[PDB]
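The chains referred to below are lettered A, B, ... by the order of the sequence lines, with proteins before strands, and numbering in each begins at 1.
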Amino acid sequence: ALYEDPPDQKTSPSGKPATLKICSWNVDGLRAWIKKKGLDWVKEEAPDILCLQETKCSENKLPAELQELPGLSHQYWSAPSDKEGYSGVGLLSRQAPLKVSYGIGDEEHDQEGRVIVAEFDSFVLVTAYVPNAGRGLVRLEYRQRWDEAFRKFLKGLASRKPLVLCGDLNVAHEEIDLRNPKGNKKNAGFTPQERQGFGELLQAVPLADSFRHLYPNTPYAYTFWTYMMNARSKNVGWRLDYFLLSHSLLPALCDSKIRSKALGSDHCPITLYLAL
DNA sequence: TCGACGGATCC
DNA sequence: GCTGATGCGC
DNA sequence: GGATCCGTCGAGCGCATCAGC
């Protein structure tokens with residue numbers, strides 16, 4: 001069935017106005033996304049921070065319209081060292097962060113430009129493009145090694161400052177989070193090993209799924225639809241993109257949106273509203 | 001990855 | 001420089 | 001014999017390299 005995201009709640013549950021707006025988006029080819037007018041949608045959305053995933057573009061090939069963003073002038077890019085036109089994440093912010101770094105500390109895992117860590121006055125923002133288990137699970141065993149490393153990285157960090165993780169985590173945590181959950185239990189993104197890894201992430205760090213903490217039984221709410229077979233029109237889709245919060249940030253949580261209608265990629269944007 | 005299939009089974 | 005085939009990863 | 005849980009083949013996009021010109 002079709003899905004219309006509820007309207008933007010811009011006040012904290014104790015009445016504090018939201019002061020920070022973070023948008024995350026797997027653009028699945030930044031240069032295609034831009035040509036398909038993605039930057040227009042971002043200017044309308046006007047976030048304080050934009051996290052981009054699956055850019056498939058090296059820094060020196062970034063189009064010019066990316067610089068002519070005034071309200072997002074601090075930009076940091078991480079692409080892989082070996083594979084051109086593969087993976088790659090971006091982080092653009094209105095206000096310069098205190099610290100930026102790339103990778104999660106391992107070396108088997110910081111070779112693909114999947115993670116940017118941005119530190120701000122009150123919170124630490126991480127953005128991820130989690131490795132996909134691939135067609136026929138060819139990379140699932142790698143994915144599980146990744147998960148454990150990422151998990152330890154986040155914990156060994158969420159214990160100075162509270163943690164905002166956002167981006168494409170390439171798992172539908174529960175059957176609620178996809179349209180065909182049982183035609184998909186041997187497909188990448190709904191394997192038991194992937195799913196339990198997500199829960200491991202939620203318990204170990206710990207974190208909270210912003211969207212599911214505000215809508216614990218809302219169905220049909222996906223961020224990803226395959227280009228194939230008009231999956232997007234039929235709203236047959238998956239929820240792969242998250243905002244995950246430190247517990248001490250739920251008091252500050254105003255809303256976690258799924259921007260179903262923005263086009264330009266096989267994913268749609270997600271937007272977080274915090275009060276700080 | 002999804003939505004066609006066949007094939008096999010449970011009342 | 002441009003197009004189109006072929007390959008690859010989702 | 002309607003409602004299953006299966007295994008299979010069909011399914012769009014973007015980007016890189018390469019060859020031709």
**Request:** Quick one: label A:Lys234 by what it contacts on the DNA or RNA (base, sugar-phosphate, nothing), any heavy atom closer than 4.0 Å.
**Result:** sugar-phosphate
**Message:** Let's test this: given Watson-Crick or G-U wobble pairing with both distances under 3.5 Å, identify the partner of B:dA4.
**Reply:** none
**Prompt:** Just by the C1'-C2'-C3'-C4' torsion, is D:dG14 north or south?
**Reply:** south
**Request:** Determine, for A:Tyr142 and A:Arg139, whether the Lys NZ or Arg CZ falls below 6.0 Å from the six-membered ring centre while staying within 45 degrees of the axis.
**Result:** yes
**Message:** Measure CD1/A:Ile34 against P/D:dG14 and give the value in whole Å, please.
**Reply:** 13 Å
**Anti/syn call for D:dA11, syn if |chi| within 90°** = syn
**Asked** Between B:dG7 and C:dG4, how far is it from one P atom to the other, in whole Å?
**Response** 44 Å
Show every donor-acceptor pair shorter than 3.5 Å between a side-chain atom in residues 267-276 of chain A and any protein atom, with sequence neighbours excluded, or say none if there are none.
unit_1	atom_1	unit_2	atom_2	d
A:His267	ND1	A:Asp241	OD2	2.9
A:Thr271	OG1	A:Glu45	OE2	2.7
A:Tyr273	OH	A:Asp8	OD2	2.9
A:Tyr273	OH	A:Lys21	NZ	3.3
A:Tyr273	OH	A:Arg259	NH2	3.4

**Request:** Select base, sugar-phosphate, or nothing to describe what A:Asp266 touches, counting heavy atoms under 4.0 Å on all strands.
**Result:** nothing
**Request:** Whole angstrom is fine here: how far is it from CH2 in A:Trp225 over to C1' in D:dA11?
**Result:** 19 Å
**Request:** Report yes if at least one side-chain N or O of A:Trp238 is closer than 4.0 Å to OP1 or OP2 of B:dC2; otherwise report no.
**Result:** yes
**Prompt:** Partner of D:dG10 by Watson-Crick or G-U wobble geometry, both contacts under 3.5 Å, or none?
**Reply:** none
**Request:** Give the rounded distance in Å between these two atoms: NZ of A:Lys56 and P of C:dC10.
**Result:** 8 Å
**Asked** Which residue pairs pass the side chain to side chain donor-acceptor pair (under 3.5 Å) test with at least one member in residues 27-38 of chain A, sequence neighbours excluded?
**Response** A:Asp28-A:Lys56
**Message:** Within the 4.0 Å heavy-atom criterion, would you say A:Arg135 contacts the bases, only the backbone, or no part of the nucleic acid?
**Reply:** base
**Request:** Using the torsion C1'-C2'-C3'-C4', state whether the ribose or deoxyribose of B:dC5 falls on the north (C3'-endo) or south (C2'-endo) side.
**Result:** north
**Item:** Span that lies between the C1' atom of D:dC6 and that of B:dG3, in whole angstrom
**Value:** 15 Å
**Request:** State whether A:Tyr129 and A:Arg114 meet the cation-pi test: NZ (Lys) or CZ (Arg) under 6.0 Å from the six-membered ring centroid, and within 45° of the perpendicular axis.
**Result:** yes
**Item:** Nearest-neighbour nucleotide for the A:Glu84 side chain, D:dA16, B:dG3, C:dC10 considered
**Value:** D:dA16
**Request:** Give a yes/no answer on whether the side chain of A:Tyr227 brings an N or O atom under 4.0 Å of OP1 or OP2 in B:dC2.
**Result:** no
**Item:** Spacing between A:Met229 atom CE and C:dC10 atom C1', to the nearest angstrom
**Value:** 13 Å
**Message:** Base, sugar-phosphate or nothing for A:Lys35? Non-hydrogen atoms, less than 4.0 Å.
**Reply:** nothing
**Asked** So, for A:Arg143 and A:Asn132, which heavy atoms are closest and what is the spacing to 0.1 Å?
**Response** NH1-CA, 4.5 Å
**Message:** Can you tell me how far apart CG (A:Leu240) and CZ (A:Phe190) are? Round to the nearest 0.5 Å.
**Reply:** 11.5 Å
**Asked** From C:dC10, D:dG12, B:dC2, pick the nucleotide closest to the side chain of A:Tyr86?
**Response** C:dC10
**Complete:** Rounded to whole Å, CG of A:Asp177 lies from P of B:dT1 at a distance of 16 Å
**Prompt:** Between A:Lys61 (NZ) and D:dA16 (P), how many Å, whole number?
**Reply:** 6 Å
**Message:** When you measure from the side-chain N and O atoms of A:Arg179 to the phosphate of B:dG3, is any distance below 4.0 Å, counting only OP1 and OP2?
**Reply:** no
**Item:** D:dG2 - base-pair partner by Watson-Crick or wobble geometry, distances under 3.5 Å
**Value:** B:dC10
**Request:** Output yes when at least one side-chain N/O atom of A:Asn184 is less than 4.0 Å from OP1 or OP2 of B:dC2, else no.
**Result:** yes
**Whole angstrom value for the distance that separates P of D:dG12 from NZ of A:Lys36** = 15 Å
**Prompt:** Would you say the side chains of A:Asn26 and A:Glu54 form a donor-acceptor pair under 3.5 Å?
**Reply:** yes
**Asked** How should the glycosidic conformation of D:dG7 be described, syn or anti, under the criterion that syn lies within 90° of 0?
**Response** anti
**Request:** Could you tell me whether the sugar of D:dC9 is north or south, judging only by the sign of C1'-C2'-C3'-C4'?
**Result:** south
**Request:** Figure out the CG/P separation between A:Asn187 and B:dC2, and round it to whole Å.
**Result:** 8 Å
**Message:** Considering just the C1'-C2'-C3'-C4' torsion, please state whether C:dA5 has a north or south sugar.
**Reply:** south
**Prompt:** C1' atom, C:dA5 versus B:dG6: distance in rounded Å?
**Reply:** 35 Å
**Complete:** Among the nucleotides C:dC10, B:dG3, D:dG12, whichever has the atom closest to the side chain of A:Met228 is D:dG12
**Message:** Students should be able to answer this: classify the pucker of C:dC10 from the sign of its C1'-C2'-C3'-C4' torsion, north or south.
**Reply:** south
